[PDB]
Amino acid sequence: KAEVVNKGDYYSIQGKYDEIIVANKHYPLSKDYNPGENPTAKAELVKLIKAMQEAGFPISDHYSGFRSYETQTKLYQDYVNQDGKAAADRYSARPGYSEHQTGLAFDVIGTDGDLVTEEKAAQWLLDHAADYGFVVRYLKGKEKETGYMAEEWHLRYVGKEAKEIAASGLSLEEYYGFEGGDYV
């Protein structure tokens, strides 16, 4: 439905206001694509975290943002080594198939050191994230569409179109009309 363009190092689509990089299990990033952390998204994340803190949530200034292909290989193999391949494929991502390689995705973490999962904090993200240009990328119940286990804590920066996407309740795959799902 959407026209997905292969730019070699990554795939993307034309959003209403911006080019939107598409990285998922159907649309990988090349092993060489190493854009680093996007500074517009980072600045917006810093404001979001500060807002969550002001609202009384115990959120850390530290986060997991950009993860290079090499960092992702290590993370994935560590999961394979500790919990086995089946589990790694369930909650991690093989390298090149994590949105964190875009430099536009960020996992929010509590001051306790755990990824954010508490109900009211998770809901604050759903209600507020679009004010900062972010969507909560992986919702429970959209797992078949996105291809990924739900992450209450994972934000993807999309910029101006975030409010429209949030209002729709749709995954990016449904909203723009591109395929996600499992590796096959």
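One rule holds for the numbers: they count along the sequence shown, beginning at 1.
In this entry, the higher average B-factor at the C-alpha atoms falls on 84-92, of the pair 99-107 and 84-92.
When the two stretches 159-167 and 7-15 are set side by side, the higher mean Cα temperature factor goes to 7-15. Highest C-alpha temperature factor among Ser64, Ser30, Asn38, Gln123 per the entry: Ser30. Looking at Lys42, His128, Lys144, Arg137, the one whose CA carries the top B-factor in the deposited record is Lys144.
The entry lists a Cα temperature factor for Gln77 that places it in the highest third of the chain's modelled residues.
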